[PDB]
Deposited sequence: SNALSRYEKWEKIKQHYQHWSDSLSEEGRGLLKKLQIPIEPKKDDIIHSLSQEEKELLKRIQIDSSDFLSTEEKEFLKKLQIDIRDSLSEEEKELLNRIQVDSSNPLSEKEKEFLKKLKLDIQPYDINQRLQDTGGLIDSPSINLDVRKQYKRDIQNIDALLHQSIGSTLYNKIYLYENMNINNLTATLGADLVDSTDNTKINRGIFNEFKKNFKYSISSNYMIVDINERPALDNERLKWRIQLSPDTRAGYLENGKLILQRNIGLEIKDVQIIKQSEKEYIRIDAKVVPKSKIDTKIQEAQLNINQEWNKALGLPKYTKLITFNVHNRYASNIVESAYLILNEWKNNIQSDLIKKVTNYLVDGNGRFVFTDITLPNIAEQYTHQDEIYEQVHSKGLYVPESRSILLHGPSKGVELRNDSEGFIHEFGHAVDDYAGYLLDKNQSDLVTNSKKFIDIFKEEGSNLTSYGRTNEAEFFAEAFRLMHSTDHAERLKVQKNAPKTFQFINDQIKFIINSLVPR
């Protein structure tokens, strides 16, 4: 019975609920309902020129903000444009230098106080210098206090009598597969192929924030196609939340027991059955996996066995896929790029203590970035990233890059940046730079810069990287388009590759 179960669990935590302080309650409420930034105050704090700038700016054109930072700026833009005319509003590409630098500093002032979000973004590494220091300390105090509140386990009586539930948006786990998981012809069906890709490498899950689950399964909203059914362990700590819900302790492990396609009210959903395990159990599987993929690829690249090249920075709910997808990504990388170029460049990265960082936490919270990027407004979150100061490639699992078909296409783009780096280094080892800053390629970019992908138009660095990406696509047509639409760039990259190999 739904209601008896609800009552039985509520009574279990009843003394706990009654014992909560006024501070404890407010803290628990703050967690469920994050404190949003005050739009009025933000807009008021802008200058007249900055308002006009924010008013006309194409927000989606950015490539360093999060989906949530973009969503807020969109709302901020609306309030700005309100006072305008009806005809003018109807009227209202990469960003200009002026625009980009403005958004970069503006993102510092649009951060909501969201404890769960901070935990997921950092994967628990809450000391990461990706937010204001004072806010960071407020988060630490709140999280520690919440950990203290959640001291009562579910019990050895209830843990195997109850299932708890969670509806989830597919884009939470993976934006890439989420775009094509629902059948395009029939919205009520799941694409059997994509469902297989999703199901195959999903064996375990990690929660670095506090899961808020339903005691009783509620019908999914239209964006929710994932129906988690969770069984807790006896010593899993939790707390009762009003309207039949439970707040779970952070840092729990979840073994994926079964993933099925089910029908609820004449529509297909994905059932994910999970069992709570000690997180350390999962972390061991991850660490063992990292030890393995490094051994396989050190040999394959002729690197010493003790070389730490590939890093798994995994802390979130689609954990196992981040690990398993890494194999598939590097396989494609090996297939579509000549071995000598790969070895030469990888050795350069290893000589700089560089890493291949595969992660499900946001890239500003990766040490390989933030150690060389003190300024938050310069910190970038994106699908992928190359950091020359650390000689590191960063690849963010859950997200989706612009006009990419897969993660492997993203990684090759980033390897392109490393090629851009090494080649510029070989030209002048004393004063190392990027070949894309050479007068030659700058002229090539001034001419052919718009002939490839839209994103390639950003700058000479990204252009080189996009060209390099398409030159090594599995699609032969794409490789030819570069040769035909940007022949100078085509030869320029080929020259660098030869020069690198012959070095």
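Visitor: Tell me which segments of the deposited chain sequence are not represented by C-alpha atoms in this structure.
Guide: Sequence ranges with no C-alpha atoms are 1-4, 97-104, 516-519.
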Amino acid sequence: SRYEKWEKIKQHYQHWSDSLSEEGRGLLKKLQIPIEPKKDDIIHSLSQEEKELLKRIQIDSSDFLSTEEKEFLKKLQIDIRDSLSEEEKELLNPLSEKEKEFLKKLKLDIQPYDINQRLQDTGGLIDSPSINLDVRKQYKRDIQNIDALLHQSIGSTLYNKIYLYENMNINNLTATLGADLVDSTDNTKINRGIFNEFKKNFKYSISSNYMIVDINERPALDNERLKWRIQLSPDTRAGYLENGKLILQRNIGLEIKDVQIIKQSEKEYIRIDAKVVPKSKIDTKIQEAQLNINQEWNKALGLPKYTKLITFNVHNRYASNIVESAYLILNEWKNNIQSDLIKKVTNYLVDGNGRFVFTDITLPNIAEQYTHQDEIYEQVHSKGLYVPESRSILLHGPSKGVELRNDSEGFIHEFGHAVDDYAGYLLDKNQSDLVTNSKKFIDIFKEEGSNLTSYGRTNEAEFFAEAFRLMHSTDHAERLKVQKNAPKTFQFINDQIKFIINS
From here on, numbers count along this sequence of modelled residues.
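We call the rigid core whatever largest set of C-alpha positions still superposes within 1.5 Å between the two forms.
Visitor: Is 70-78 or 379-387 the stretch whose C-alphas end up farther from this model in 9 other deposited structures of this protein after a rigid core fit?
Guide: Once the cores are fitted, 70-78 deviates more in 9 other deposited structures of this protein.
Visitor: Could you check whether 431-439 or 54-62 drifts more from the shown form in 9 other deposited structures of this protein, using RMS Cα distance once the core is superposed?
Guide: Clearly, after the core fit, the stretch farther away in 9 other deposited structures of this protein is 54-62.
Visitor: Is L341 without coordinates in at least a third of the other compared PDB entries of this protein that model the residues flanking it?
Guide: No: coordinates for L341 present in every compared entry.
Visitor: Coordinates for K89 lacking in at least a third of the other PDB entries compared?
Guide: yes, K89 frequently unmodelled elsewhere, at least a third of entries.
Visitor: Taking the recorded C-alpha temperature factors, which stretch has the higher mean, 248-256 or 189-197?
Guide: Higher mean C-alpha B-factor in the PDB entry: 189-197.
Visitor: Select between 134-142 and 302-310 the stretch whose C-alpha atoms have the higher average B-factor in the entry.
Guide: Here the higher of the two C-alpha B-factor means belongs to 302-310.
Visitor: Out of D283, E87, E217, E242, whose C-alpha atom has the biggest B factor in the entry?
Guide: Of the candidates given, the C-alpha B-factor peaks at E87.
Visitor: According to the Cα B-factor stored in this entry, which of the following is highest: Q32, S438, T453, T458?
Guide: Each of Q32, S438, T453, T458 was compared by C-alpha B-factor; the highest is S438.
Visitor: Can you work out whether the C-alpha temperature factor of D428 puts it in the lowest, middle or highest third of the chain?
Guide: Top third by C-alpha B-factor.
Visitor: Going by what the PDB entry lists, where does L125 fall on CA B-factor within its chain: lowest, middle or highest third?
Guide: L125: CA B-factor falls in the lowest third of its chain.
Visitor: Could you say whether, by C-alpha temperature factor, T489 belongs to the lowest, middle or highest third of its chain?
Guide: For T489, whose C-alpha B-factor we compare with every modelled residue in the chain, the answer is the middle third.
Visitor: Using the temperature factors of the C-alpha atoms in this entry, rank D222 within its chain: lowest, middle or highest third.
Guide: Highest third.
Visitor: Splitting the chain's C-alpha B-factors into thirds, which one does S21 fall into?
Guide: Middle third.
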